[PDB]
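After the structure tokens below, expect a handful of questions from me.
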Amino acid sequence: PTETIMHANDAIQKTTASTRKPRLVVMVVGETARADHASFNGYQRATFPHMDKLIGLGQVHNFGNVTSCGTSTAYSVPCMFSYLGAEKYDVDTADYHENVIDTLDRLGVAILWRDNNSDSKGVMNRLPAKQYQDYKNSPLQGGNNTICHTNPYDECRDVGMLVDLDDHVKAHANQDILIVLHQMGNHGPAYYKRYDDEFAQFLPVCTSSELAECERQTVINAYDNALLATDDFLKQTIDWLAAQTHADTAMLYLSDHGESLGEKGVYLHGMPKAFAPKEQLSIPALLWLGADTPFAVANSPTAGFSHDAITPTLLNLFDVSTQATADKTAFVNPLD
Ligand SMILES: [Zn+2]
């Protein structure tokens, strides 16, 4: 209790940014997006038009139906960055452990967490305050997001987290960089507020929080429109990374959990993972790698990928060697 449980005391970077090309990784933490409403997973609608074309051109890898560790934000987000797998993870004691962010920051990787969701759910607690930035509010309301007044709800948009991101990179031009963007995404129940008018293409839309009152299709339409906005956001995120040429880049996207959309009377999420509908545990996962990338996409295990692959992935992306993630399954193979 009075001091933290360590996992990566043996963590060593095999190569550092002073002996090789620096690495710049953006980790997008999604929200409520589920795998089967992704067009690149066989969904009848084109919910991810930009990603669909990048996948069909071989720019982005799709990891299929990935399993989340849990069915809520408060549960999953700490576990996504944990050294403990979903089966040994305890949400009530997550703060007692060092996480992969702690490790990376300790080894000298420049961490920046921008949040248009809620907060980092404890993950960022040991790091200096300035490394966590609130993007849920405009500055007047004490935030940092300059893209809020684009809609009648004055809700801050995810694309606002991409503004002035160059300044952080220029500040740490000599070292490895990890930027976590915590997305508002498909947060319900008011899906119709999650996207600007630009993406209101699936009509008509349920413009109410009473999801069980609306006809199911109108709720789905809103949900799918919010996916469109996320797809666009990921596209602009990839475009930004592609503009960074003096570094090896990577964009990793995973939703924190899926969503029930009226299946057998179940709405929203948060159902206990033991008997939760599989929709709440089914999430999309995408990887984008920059030009002349040193990294390789890992083979898919027969059981499929899960949230447990994130921490070994982030470590492999920064050449970190530790017995906390020796033989574990990652999205990206470990480099020599
Ligand atoms: Zn969530």
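Taken together, the values in this text are just the output of simple stated rules run on the coordinates, not laboratory data. Here the Cβ positions follow ideal geometry from the backbone for every residue, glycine too, while neighbour counts run over all protein chains shown.
Yes or no: residue 263 under 27 Å from residue 49 (Cβ atoms), out of contact with any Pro (no Cβ under 8 Å at 6 or more places or on another chain) and of a type in the set (D, E, K, R)?
No; evaluated as a whole, the condition is false for this residue.
Now, a different point. Filter region 56-81 down to the residues that are more than 16 Å from the ligand (Cβ to nearest atom), hydrophobic (A, V, I, L, M, F, W, C) and either surrounded by fewer than 17 Cβ atoms within 10 Å (Cβ to Cβ) or under 17 Å from residue 187 (Cα atoms) (or both) and list them by number.
Within region 56-81, 57 is the sole residue that qualifies.
I'd like to know if region 89-100 contains one or more residues that are within 16 Å of the ligand (Cβ to nearest atom), of a type in the set (A, V, I, L, M) and under 14 Å from residue 308 (Cβ atoms).
no
Now for a different question. Yes or no: region 170-191 includes at least one residue that is of a type in the set (A, V, I, L, M) and part of a helix (DSSP H, G or I).
Yes: region 170-191 contains one or more residues that are of a type in the set (A, V, I, L, M) and part of a helix (DSSP H, G or I).
Among 136, 121, which is of a type in the set (D, E, K, R) and on the phi > 0 side of the Ramachandran plot? Talk me through it step by step, then tell me what you get.
Working: 136 fails: on the phi > 0 side of the Ramachandran plot.
Exactly one of 136, 121 is of a type in the set (D, E, K, R) and on the phi > 0 side of the Ramachandran plot, namely 121.
Shifting gears a bit: Please work out which residue is nearest to residue 322 (Cα to Cα), limiting yourself to region 67-104 and to residues that are touching a strand residue (DSSP E or B) at 6+ places or on another chain (Cβ under 6 Å) and outside any helix (DSSP H, G or I).
Top of the filtered list is 97.
On the basis of being touching a residue at least 24 places away in the same chain (Cβ under 8 Å), buried (at least 23 other Cβ atoms within 10 Å of the Cβ), away from the ligand (no atom under 16 Å from the Cβ) and aliphatic (A, V, I, L, M), does residue 227 make the cut?
No, not satisfied.
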